[PDB]
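**Student:** Sharing a structure with you now.
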Amino acid sequence: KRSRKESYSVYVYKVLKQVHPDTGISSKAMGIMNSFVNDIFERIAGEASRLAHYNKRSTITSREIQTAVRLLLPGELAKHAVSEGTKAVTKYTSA
Amino acid sequence: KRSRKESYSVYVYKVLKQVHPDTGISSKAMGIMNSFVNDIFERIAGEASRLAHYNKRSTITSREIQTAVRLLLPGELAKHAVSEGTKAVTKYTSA
Amino acid sequence: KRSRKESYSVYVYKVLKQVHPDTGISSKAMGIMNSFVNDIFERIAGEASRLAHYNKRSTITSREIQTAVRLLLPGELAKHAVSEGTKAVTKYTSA
Amino acid sequence: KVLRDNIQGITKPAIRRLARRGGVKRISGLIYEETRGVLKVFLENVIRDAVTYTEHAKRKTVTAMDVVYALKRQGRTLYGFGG
Amino acid sequence: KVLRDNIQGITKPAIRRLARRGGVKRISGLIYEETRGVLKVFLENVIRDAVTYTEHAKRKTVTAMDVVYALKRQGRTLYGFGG
Amino acid sequence: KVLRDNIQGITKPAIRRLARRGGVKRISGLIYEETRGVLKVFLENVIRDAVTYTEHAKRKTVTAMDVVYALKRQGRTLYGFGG
Amino acid sequence: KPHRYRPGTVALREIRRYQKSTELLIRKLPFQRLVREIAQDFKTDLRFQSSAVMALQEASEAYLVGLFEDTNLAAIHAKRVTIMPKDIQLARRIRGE
Amino acid sequence: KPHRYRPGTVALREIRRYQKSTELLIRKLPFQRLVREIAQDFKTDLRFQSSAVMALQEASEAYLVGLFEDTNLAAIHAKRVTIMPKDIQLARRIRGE
Amino acid sequence: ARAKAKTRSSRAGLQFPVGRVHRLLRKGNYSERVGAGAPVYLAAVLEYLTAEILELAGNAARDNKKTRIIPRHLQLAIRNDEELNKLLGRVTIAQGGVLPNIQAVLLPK
Amino acid sequence: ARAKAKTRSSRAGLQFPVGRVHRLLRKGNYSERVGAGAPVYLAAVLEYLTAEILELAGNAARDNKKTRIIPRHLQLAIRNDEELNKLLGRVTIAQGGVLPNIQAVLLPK
DNA sequence: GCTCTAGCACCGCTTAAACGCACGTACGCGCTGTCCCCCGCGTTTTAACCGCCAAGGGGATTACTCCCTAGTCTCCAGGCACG
DNA sequence: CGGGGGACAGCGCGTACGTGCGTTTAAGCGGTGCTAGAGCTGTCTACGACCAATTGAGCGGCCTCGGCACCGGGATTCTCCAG
């Protein structure tokens, strides 16, 4: 065997099985999705680091990413993202 | 001495504050939402009972209401509801 | 009782007197130099951090920031900066 | 295999007999296409209900039982085939 | 307290002087409206970002430091105000 | 071993196919050598960076991972080979 | 007849004078009040130091003027000396907004 | 008389075909020869992964179609349809290099 | 000695009560057995319905610049949507009035 | 006597890992300390974006009567959407091509 | 929780900015001619693509062992506050 | 090779800001009081980070069949032509 090259494989297939049970996935489209998740995670993490340095904060919690989503993602997607992220953090607090 | 009359108070208040934190409530509107949720509940419940009679199943599962919501609820509203319930029941079986 | 603000004040003034002993300096130009030093320092630091990320290096080395100088600093100033940095580390390790 | 037009199989003279049942004595040409259209709309609703029954029945052949069930749900209850 | 329409406070000759720094010889009368519009768009973006910075910091007064942070984010880095 | 002229290896009808992908209907005759030049200049802009990562990695073989990194440094991030 | 120049000569003097000029091109008070207008458009009771107003000022002439070099490069591309709005939104589209 | 399509009709058919198409528009081996040549200009005897050649290919053609989209906007700006070197120079100068 | 109490709504991540709807389906007397996914499915459906209509009502309240929702806002919210119109064609709204609906011939000129 | 290993993503009710996202935040070197809301929030926004773009991808594939998703469908899906385009203006999709965006005067009359 | 300081609020002169009208000149552009230049298609060549086979450079991995680097205690000295 | 489409300049034609100059007014310039909150200081507690263990989902590899790649024939559409 070889070393594991970590990816977002099973996650993209299960979210597709949630949203469209019948359609299939190509390897090229899956690579596109991997690079998309890499890009968006990199953008949000970098801007979270920027707000950490900017407010002289060593701490990055959901509030700074809510700040960053309000920064980067425009408008409709921003408030949508804040909505399901708030639901997610509330179910996290309720475990 | 008073007997308590049950309603849908705190649930409609919480879901409004989850969708609009800065929008208030009047009590007559609150009665309208009480009557709405009661009306749609009895519609789905009666249709489910008729399906259970109709396929001679002695039970109402998630699949009966899945059938019933393409019966009564239209289209995109129904498919969004099916998706919401599907993710809800997967979270329920995961918990 | 006020708080100390960290700046590049006498350092830029010293190198100014080294390159032009007879000239003066304004505070607005000093803000320009301070923001310039901060911005170029941040650009080099960001590209060095990304380079350390790409080649799985958990430390920042002079070789990879030299790489970063080839990246961000263009053309002939790049090789001048290479000469300056190699000369500087030469008389630094000889010190 | 697939079929692309059997809406016109409910023909113009057939729509004429159907409106002759309703008592309609003069029918312009513009009515017929909209009648097949609303025929498609109603039967589309009914067969949506029916296939939703049928898929819920875990079967592959439609019976008249779920047909009269869907006509009950839509509000045009049919006599003759219940039970 | 509240204002409605101060956007013409950036006057037309101010826009003319701006375009003279931008080296525009002839400025049409149609131009000033979309210059005000794009200036509204750009400031709407920048002040949205800056308000988000300040509301993150739990303050009620916008600093120029947060302004130059917003100019770092959007890609118009500005020198000379303590960035 | 050494190669001197492969900028002409990117043929003129291949540039025509690219411009049809760019939606160009009519292409001047002087365009093609300029497109060769600007693609050429873009290849120095990309490949000096890519070689710079490669020589940082103490390697000799160009990898697509460093190609992705070089393209995202210039803000032309390429999906489809990262990770 | 009184003294009067041909069209463009005073425009050239204006261009030369304000490329030479370093001082501010726009008025201070309506700019600050417009900043306040956008501020209470988003969150009420928001305050600004004069330095922040200067910073948004500097950003405004930087952004607008940069759009004008892009715009008159578009205008000289179109063989014209008079600019039109389509130059501005086409320039904004090429910039990648 | 053999049938002949009008000038531009086959051009529009090529446009529709190639917008519908997703495949590569460059012969891959002369592209690989060119990228090895220009790599040899900066560092001698470098080696290329075939996937790396494909990545340089797709990034290059994406850059080219972005530039050509910009020059189409420049050409329709100039009341013309034949794209010119001045359009390409304009697009590059607007994009900031 | 006992597990800590967790509501089924928190297990499903819903804030309509799963247990209340389960009770009201038991005592609504619709079947002698009810599958466990049925009431949480129905509560999620009503959650989507109420969330949709409270988006609409809050947006309408902002459009008439009033802070609190009123049945007039609700009646605008339902009647300005097509599928909610089919869902509630035969529904009377108290103090909601009627949607602003003027026919084209009623206008002058 | 340890508790059963139950997943933080299901604690979020989500599928993108709290674990992997938290690990790449810690080892991506963005801050000294990272709050617990950070990876769940960011996994949530990635799952929202992923669900939205695969919705548009599935609709694009069924529009082209095809079953398996292809980067042509992905690229089509991205530049039908204005806010996705504003999000991903400077990003190029592998093998995606260009969506048909044909300017009007160069079309024949 | 405190405090203190510059922004907010309010006040009073001063013509520069604005603005608006009017004369004037240049500005864009359509028609149409005119010239010209590249696309469409046919034909011919040729290496691209395929597909098939040998070989070895180095990418990547594992191990080793040593270079190095943050941290901390502490000390002192030059940059910042202040004038 | 052939050809039609494109580009663009001259002439003209209507046009629209540029600019000169008087007016207004409100920005610009100098002045005063207060407090919002900006910012600094003390408490502490919420909170997050790290480590042994352990497991359980996630990934490397393989195989299958059927959606899709490859193949073939008539229609419809686009376009062009001729009526």
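Chain identifiers are assigned as A, B, and so on, following the order in which chains appear in the structure tokens; residues are numbered from 1 within each chain, and ligands are numbered from 1 in order of appearance.
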Could you name the residues that touch segment 93-95 of chain I at 7 Å or less, counting only C-alpha atoms (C1' of nucleotides), but leaving out those on the same chain fewer than 6 positions away, as a ChimeraX atom specification?
**Tutor:** /I:71-72,75
**Student:** If you fit chain E onto chain F using every C-alpha atom, paired in order, what RMSD in Å do you get?
**Tutor:**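 Between these identical-sequence chains, the C-alpha RMSD is 0.7 Å.
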**Student:** Which one is closest to residue 21 of chain L: G:93, G:4, G:47, G:33? Count only C-alpha atoms (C1' of nucleotides).
**Tutor:**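 Distance minimum relative to residue 21 of chain L lands on G:4.
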**Student:** What residues in chain L have any atom no more than 9 Å from chain E when counting only C-alpha atoms (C1' of nucleotides), and can you write them as a PyMOL selection string?
**Tutor:** chain L and resi 16-18+37-38
**Student:** Considering only C-alpha atoms, can you say which of B:88, B:52, B:30, B:72 comes closest to residue 8 of chain I?
**Tutor:**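 Looking only at the distances to residue 8 of chain I, the closest residue turns out to be B:88.
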**Student:** With a cut-off of 10 Å and counting only C-alpha atoms (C1' of nucleotides), select all residues of chain G in contact with chain L and give the selection as a list in words.
**Tutor:** residues 2, 3, 4, 5, 6, 7, 8, 9, 10, 11, 27, 28, 29, 30, 47 and 82 of chain G
**Student:** Residue 78 of chain I: which residues within 12 Å, counting only C-alpha atoms (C1' of nucleotides), same-chain residues fewer than 2 positions away excluded, as an MDAnalysis selection string?
**Tutor:** (chainID B and resid 32:33 36) or (chainID I and resid 49:50 52:57 60 71:76 80:89 91:93 96:99)
**Student:** Write out as a list in words the residues lying within 10 Å of residue 34 of chain J, counting only C-alpha atoms (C1' of nucleotides) and excluding same-chain residues fewer than 6 positions away.
**Tutor:**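 Close residues of residue 34 of chain J: residues 58, 59, 60, 61 and 62 of chain A; 22, 25 and 26 of chain J; 47, 48 and 49 of chain L.
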**Student:** Write out the residues from the selection above, keeping N, CA, C and O atoms (P, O5', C5', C4', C3', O3' and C1' of nucleotides), as a PDB file, in the first residue's frame.
**Tutor:**
```
ATOM      1  N   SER A  58      -5.596  36.183  19.740  1.00  0.00           N
ATOM      2  CA  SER A  58      -5.007  34.872  19.528  1.00  0.00           C
ATOM      3  C   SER A  58      -6.065  33.799  19.343  1.00  0.00           C
ATOM      4  O   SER A  58      -5.723  32.622  19.190  1.00  0.00           O
ATOM      5  N   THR A  59      -7.337  34.188  19.338  1.00  0.00           N
ATOM      6  CA  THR A  59      -8.463  33.269  19.389  1.00  0.00           C
ATOM      7  C   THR A  59      -9.308  33.436  18.137  1.00  0.00           C
ATOM      8  O   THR A  59      -9.654  34.563  17.767  1.00  0.00           O
ATOM      9  N   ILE A  60      -9.631  32.325  17.480  1.00  0.00           N
ATOM     10  CA  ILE A  60     -10.519  32.339  16.324  1.00  0.00           C
ATOM     11  C   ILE A  60     -11.683  31.391  16.592  1.00  0.00           C
ATOM     12  O   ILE A  60     -11.532  30.166  16.518  1.00  0.00           O
ATOM     13  N   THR A  61     -12.847  31.958  16.897  1.00  0.00           N
ATOM     14  CA  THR A  61     -14.093  31.233  17.092  1.00  0.00           C
ATOM     15  C   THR A  61     -15.049  31.573  15.954  1.00  0.00           C
ATOM     16  O   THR A  61     -14.678  32.255  14.996  1.00  0.00           O
ATOM     17  N   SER A  62     -16.300  31.107  16.070  1.00  0.00           N
ATOM     18  CA  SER A  62     -17.284  31.279  15.002  1.00  0.00           C
ATOM     19  C   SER A  62     -17.609  32.734  14.703  1.00  0.00           C
ATOM     20  O   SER A  62     -18.125  33.025  13.623  1.00  0.00           O
TER      21      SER A  62
ATOM     22  N   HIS J  22     -10.961  21.449  11.710  1.00  0.00           N
ATOM     23  CA  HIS J  22     -10.225  21.915  12.881  1.00  0.00           C
ATOM     24  C   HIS J  22      -8.740  21.590  12.767  1.00  0.00           C
ATOM     25  O   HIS J  22      -7.888  22.391  13.172  1.00  0.00           O
ATOM     26  N   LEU J  25      -7.198  23.970  10.317  1.00  0.00           N
ATOM     27  CA  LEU J  25      -7.052  25.294  10.920  1.00  0.00           C
ATOM     28  C   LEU J  25      -5.890  25.336  11.900  1.00  0.00           C
ATOM     29  O   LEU J  25      -5.134  26.314  11.921  1.00  0.00           O
ATOM     30  N   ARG J  26      -5.739  24.300  12.731  1.00  0.00           N
ATOM     31  CA  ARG J  26      -4.632  24.280  13.683  1.00  0.00           C
ATOM     32  C   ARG J  26      -3.286  24.193  12.978  1.00  0.00           C
ATOM     33  O   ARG J  26      -2.350  24.923  13.321  1.00  0.00           O
TER      34      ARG J  26
ATOM     35  P    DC L  47     -17.192  30.242  26.443  1.00  0.00           P
ATOM     36  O5'  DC L  47     -15.738  29.788  25.977  1.00  0.00           O
ATOM     37  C5'  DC L  47     -14.606  30.599  26.276  1.00  0.00           C
ATOM     38  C4'  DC L  47     -13.336  29.839  25.976  1.00  0.00           C
ATOM     39  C3'  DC L  47     -13.562  28.521  25.231  1.00  0.00           C
ATOM     40  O3'  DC L  47     -12.607  28.389  24.231  1.00  0.00           O
ATOM     41  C1'  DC L  47     -12.217  28.149  27.074  1.00  0.00           C
ATOM     42  P    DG L  48     -13.044  28.051  22.730  1.00  0.00           P
ATOM     43  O5'  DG L  48     -11.649  27.729  22.040  1.00  0.00           O
ATOM     44  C5'  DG L  48     -10.529  28.526  22.358  1.00  0.00           C
ATOM     45  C4'  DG L  48      -9.378  27.674  22.850  1.00  0.00           C
ATOM     46  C3'  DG L  48      -9.166  26.364  22.086  1.00  0.00           C
ATOM     47  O3'  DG L  48      -7.789  26.199  21.833  1.00  0.00           O
ATOM     48  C1'  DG L  48      -9.165  25.957  24.358  1.00  0.00           C
ATOM     49  P    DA L  49      -7.278  25.263  20.633  1.00  0.00           P
ATOM     50  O5'  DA L  49      -5.694  25.413  20.713  1.00  0.00           O
ATOM     51  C5'  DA L  49      -5.102  26.016  21.857  1.00  0.00           C
ATOM     52  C4'  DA L  49      -4.274  25.009  22.630  1.00  0.00           C
ATOM     53  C3'  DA L  49      -3.919  23.744  21.854  1.00  0.00           C
ATOM     54  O3'  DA L  49      -2.597  23.345  22.162  1.00  0.00           O
ATOM     55  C1'  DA L  49      -5.037  23.154  23.827  1.00  0.00           C
TER      56       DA L  49
END
```
**Student:** I'd like the interatomic distance between atom CA of residue 47 of chain D and atom CA of residue 62 of chain D, to a tenth of an Å.
**Tutor:**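 We find that atom CA of residue 47 of chain D and atom CA of residue 62 of chain D lie 9.6 Å from each other.
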